[PDB]
Amino acid sequence: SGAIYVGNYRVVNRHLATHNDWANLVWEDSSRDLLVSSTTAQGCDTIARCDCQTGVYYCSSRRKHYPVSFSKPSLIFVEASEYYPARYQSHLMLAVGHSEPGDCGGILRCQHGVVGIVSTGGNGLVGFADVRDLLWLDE
Ligand SMILES: COc1ncc(Br)cc1CC(=O)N1CCC[C@H](C(N)=O)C1
Ligand SMILES: [Zn+2]
């Protein structure tokens, strides 16, 4: 679990969105596993605007942060789950690292700010849904 709080927005994995998230829907994309809902309280997370390929992610299944090198956002094939059939997920970045299903929502950050959130994993690889292209999160 986990979210990014920026301005009047809440960014979560789409497969984990709540009833309140859908009732206050701003934007959602199944192909990216992202959902953004509006909030009354103001968020303070800084979104990174960069092309960094190194950062640190929070892994709740180990109560630890891990440094990783990650790929550039791209279309990656993701196995079927209870939330989606087998498909290509877009804007996905992979790193060699540990994750379990409950790790989705952990933040990946670089020196410039928040890069994305854990979205997929398996076989010793962790995938993060990039959010750096969503320029509107700041305005
Ligand atoms: C961090 O997730 C995981 N990590 C390790 C294993 Br094994 C398994 C996972 C779960 C995972 O990859 N999923 C399930 C939930 C929806 C996901 C999606 N974006 O399509 C795919
Ligand atoms: Zn950066």
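Residue numbering in chain A adheres to Swiss-Prot, whereby the residues present occupy positions 869-1007 in order.
Just so you know, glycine gets a Cβ as well, placed from its N, Cα and C.
According to Swiss-Prot:
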ACT_SITE  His883  active site, for protease 2A activity
ACT_SITE  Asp901  active site, for protease 2A activity
ACT_SITE  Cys972  active site, for protease 2A activity
BINDING   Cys918, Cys920, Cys978, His980  Zn(2+) 1 binding site
Measure from each Cβ of the binding-site residues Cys918, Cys920, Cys978, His980 to the atoms of ligand 1 and list the residues where some distance is under 6 Å. none
List, in residue order, those recorded positions out of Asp901, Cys918, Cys920, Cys978, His980 with a Cβ under 6 Å from any atom belonging to ligand 2. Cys918, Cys920, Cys978, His980
Of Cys918, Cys920, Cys972 (the recorded positions), the residue whose Cβ has the fewest other Cβ atoms within 10 Å: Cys918
Measuring Cα to Cα, how many Å separate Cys920 (Zn(2+) 1 binding site) from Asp901 (active site, for protease 2A activity)? 21
Rounded to a whole number, how many Å is the Cα of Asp901 (active site, for protease 2A activity) away from the Cα of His883 (active site, for protease 2A activity)? 7
Measuring Cα to Cα, tell me the gap between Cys978 (Zn(2+) 1 binding site) and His883 (active site, for protease 2A activity) in whole angstrom. 25
Row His980 (Zn(2+) 1 binding site), column other C-beta within 10 angstroms, all chains, value 15
Sparsest Cβ surroundings (other CB atoms within 10 Å) among the active-site residues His883, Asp901: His883
Whole-number Å distance separating the Cα atoms of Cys972 (active site, for protease 2A activity) and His980 (Zn(2+) 1 binding site) is 21
Can you tell me the CA-to-CA distance separating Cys918 (Zn(2+) 1 binding site) and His883 (active site, for protease 2A activity), as a whole number of Å? 27
Mapped onto three states, the DSSP assignment of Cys918 (Zn(2+) 1 binding site) reads coil
For Zn(2+) 1, what surrounds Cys918, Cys920, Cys978, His980 with a Cβ no more than 8 Å from their Cβ centroid? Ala916, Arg917, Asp919, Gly923, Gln979, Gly981, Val983, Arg1000
